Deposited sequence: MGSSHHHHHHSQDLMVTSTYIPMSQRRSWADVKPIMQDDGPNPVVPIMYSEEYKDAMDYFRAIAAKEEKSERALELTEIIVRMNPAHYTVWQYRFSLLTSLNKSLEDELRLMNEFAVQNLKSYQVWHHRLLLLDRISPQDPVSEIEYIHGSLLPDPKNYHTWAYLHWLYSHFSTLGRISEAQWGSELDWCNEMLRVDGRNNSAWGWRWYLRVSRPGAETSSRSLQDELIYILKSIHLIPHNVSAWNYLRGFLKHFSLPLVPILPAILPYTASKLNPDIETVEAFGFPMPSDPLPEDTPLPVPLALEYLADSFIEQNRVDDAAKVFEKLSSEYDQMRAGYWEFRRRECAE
């Protein structure tokens, strides 16, 4: 049975403060007794700006019932820093919140603030935790964004070694091996290989990257993630489309496609036709490009009939 906080010895000095909604608010929520009681006492705690262990315990009670309560998370972090609490202990509590499926923008941001303030000399333990946490949801958007932030922040401090970057690409390659359609992992590859400030840009690296992209397309010809990475790659580095056309042309009917294509690969592949059309434009052959856009519009990608007609009209 629940024991109200008014009957708790540790809280006898505190006068709770009711929620000030007005007399007849719209969108009211039918709160449980436990949640209203805790918020009644949080309002009093926050009003007197009390920084204490009982206030800390009260914030944990509240965010367990509502992990999206940004105000109580903000108060919790100021309690931790004001009381000089162990931030490694708090990080272990956050590990449990994930286990028990307590999650929100607010929890992820709490974890980031902890890592920022701890400021470890080597963040490898947090990197490995993030990697493991992605196995229930390998496309969790908050998690991927947090991983980007962690490497960006600690590389700015000079704390990501060449060995660490190398094993991060190894891990990324394994994610894409297990599911080549994971667009989140393709985004991470782009950070590791192209966008991060420390990336190498050489004749060798451009050759390697192109090899990996084309192999990926030949493994899964209908994978939109691989086509988009190819187009972004060529565009980012101002590389011509035409010299690569031999690897693409078999899908319109360096690594080359399998002599018999994989089964369950109906032709043509619409984004292969987009490649061909754009390569025609690169050759200034607008009429040939227009004919490809017309076929995309009327037969091969009809959901986008209007967009492909727009593209056709630009050329004619």
{"item": "Missing C-alpha runs, given along the deposited sequence, first residue counted as 1", "value": "1-18, 272-285, 349"}
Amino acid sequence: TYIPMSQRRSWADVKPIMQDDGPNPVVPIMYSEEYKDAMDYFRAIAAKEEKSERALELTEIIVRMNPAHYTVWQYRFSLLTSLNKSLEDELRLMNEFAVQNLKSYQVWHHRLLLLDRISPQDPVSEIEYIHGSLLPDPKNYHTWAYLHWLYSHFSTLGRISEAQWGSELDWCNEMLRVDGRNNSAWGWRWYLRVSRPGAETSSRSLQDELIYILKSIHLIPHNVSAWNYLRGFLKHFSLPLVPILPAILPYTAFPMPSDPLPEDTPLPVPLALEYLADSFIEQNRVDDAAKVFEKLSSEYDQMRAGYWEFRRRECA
From here on, numbers count along this sequence of modelled residues.
query	finding
Mean C-alpha temperature factor, higher of 1-9 and 305-313	1-9
Mean C-alpha temperature factor, higher of 265-273 and 279-287	279-287
Maximum C-alpha temperature factor, selected from 163, 102, 147, 230	102
Residue, from 95, 140, 195, 173, that the PDB entry assigns the highest Cα B-factor	95
Record-listed C-alpha B factor of residue 45: chain third	middle
B-factor third for the C-alpha atom of residue 66 within its chain	middle
Assigned third (lowest, middle, highest) for the C-alpha B factor of residue 211	middle
Residue 245 - which third its CA temperature factor falls in, relative to the rest of the chain	highest
Record-listed C-alpha B factor of residue 204: chain third	highest
